[PDB]
Every structure is written in structure tokens, then in C-alpha cells.
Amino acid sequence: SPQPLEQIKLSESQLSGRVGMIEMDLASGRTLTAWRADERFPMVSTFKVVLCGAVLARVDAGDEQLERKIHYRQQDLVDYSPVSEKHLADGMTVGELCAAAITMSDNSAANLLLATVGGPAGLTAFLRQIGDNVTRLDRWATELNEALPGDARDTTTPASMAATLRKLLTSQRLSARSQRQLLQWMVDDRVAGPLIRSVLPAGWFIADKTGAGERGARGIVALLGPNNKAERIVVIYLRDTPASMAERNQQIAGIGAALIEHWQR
């Protein structure tokens, strides 16, 4: 594999779309690679990690409990609810909802949680409160994946998302237990985690949240590192490409391969 930047460029050439990427040391925030880092990209399902960060902030303040059981109705369900559709009779706890939203990309679970933090506007205010003045959520679970060209709704930038994830996971804005919980939910991703591990060389740590939308939109926010350590935050977004999902996945994997083969920068 070529150098990371060379591979990112190759990916845009092959996909005919824009790639946005940041590679950052998790512990210090040192930026190693930045490509279209200040350009907007649809967050798609990656917004779910920030959502649960807001939920944990409420728990830390005593305004919420991960144990609290939420009962909902069938009419509350939206497209793709693998876990939440199984609990119309018994409900789900706030913590279970975050696990479902993050590890199974359950959209109804995400919407139920979004309601608890004041909706898209409330989540955006939370982002402003932790110093992210760029990321914005405007719509609910399914509609936010529309990815219309030039539409600023439901977007982030690679640099903003990386800084925000770092703040939630390590800045002590969240309590120690909450930072540990958010990390474990990412470690537990069932959608892409197992697959990524199956293709990673032995010794490489992975925690992640992925997402997909229209017009080729794709995204992944992840923690990656050798020696089984979450050394770096890697955020990659793709937008406006007509490529198959398989090729978009292969190109993201290719950027990962370049990182792995040239890690010591």
C-alpha cells in the first residue's frame, strides 16, 4: 500500500467522490493526516456516538439514568429497528438504547434517545456546549441520511468530529465511568467491528461506528492502533460517489491498509 495521503487521493480518483479524513493521536490530539478536514460531510449514522455522549452527560449530571426503562409504541418505530422492534412489550433501558443505536445501528433506539436530549436541536446545542461550532444535526434517524449535494443539514467535518470524539472519550467532560462506557459501546460494534477484525493483522485494536446514506455517503469514526491499544482516532467520510457499497468499503479498507503499513509518522 502507498502512503496514506497517496491512498486517499487514489480513492477519490477511483470513486469519483470526495473523501474526508483525519488521523489523530487519541491521547494528545496531535493531527497526523488531514485531507478535506474542514469540508462538510453527511454524518449519517456516526452521529449516534455523539448522541450517546450527550446522554451520558445527562447521566453524569443526575438528569438521566442508564437504568431508566423507556416504554414505546409500534408507531414510534422507524426503518431498521433490529433490537427495538423486539421490545414493544417490555421496553428498553436508556443504556440498552445506546447499545442498540451504537452497536446495531438501531434507528428507533437512536430516535428515542434523541428525544431525551431535546431532539436534533438539543444535540446540536450540546455540541456547541463542548466547543464544536461546526457539527450539526437537523433531522431524525432516517431522514438525516439523505445526503443531498450542497445540503449543510446533518453534517460534520472530519476535524470537528475527531476533536469532538476526543473530547467525549478523554477530556474529563464526561465522568470516568461514562468515558469508559462510551468506549466500550464502540468496542462492541456488531455491524462492522467483527468484519474489520477479521481483516486486521494480529495486534491491531479497533472500536468503531459506521454509517451509510444516499449518493454514496459513507462514514466511519474509529479508534485504531497496534499493540492492542486505541492509539489514534481515525475519521473517514465519503460523499457524492456513485460507487457500489462494496467498492466504497474496499477503498476505506485501503486507506486503513496504508495507515497500517506506514504507522510510525
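For every residue, the number given is its place in the sequence shown, counted from 1.
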Which is higher on average in the deposited entry, the C-alpha temperature factors of 203-211 or of 32-40?
32-40
If you average the CA temperature factors over each stretch, which comes out higher, 167-175 or 153-161?
167-175
In this crystal structure's PDB entry, the residue among 180, 139, 190, 87 with the greatest CA B factor is 87
Based on what the PDB entry reports, which of 133, 184, 93, 108 has the top C-alpha B-factor?
133
Ranking every modelled residue in this chain by its Cα temperature factor as given in the entry, which third contains residue 19?
lowest
How does residue 64 rank on Cα B-factor within its chain, lowest, middle or highest third?
middle
Quick check for you: using the entry's CA B-factors within this chain, is residue 121 in the lowest, middle or highest third?
highest
Quick check on the deposited entry: does the C-alpha B-factor of residue 127 sit in the lowest, middle or highest third of its chain?
middle
Would you mind ranking residue 46 by its C-alpha B-factor against the rest of the chain and naming the third, lowest, middle or highest?
lowest
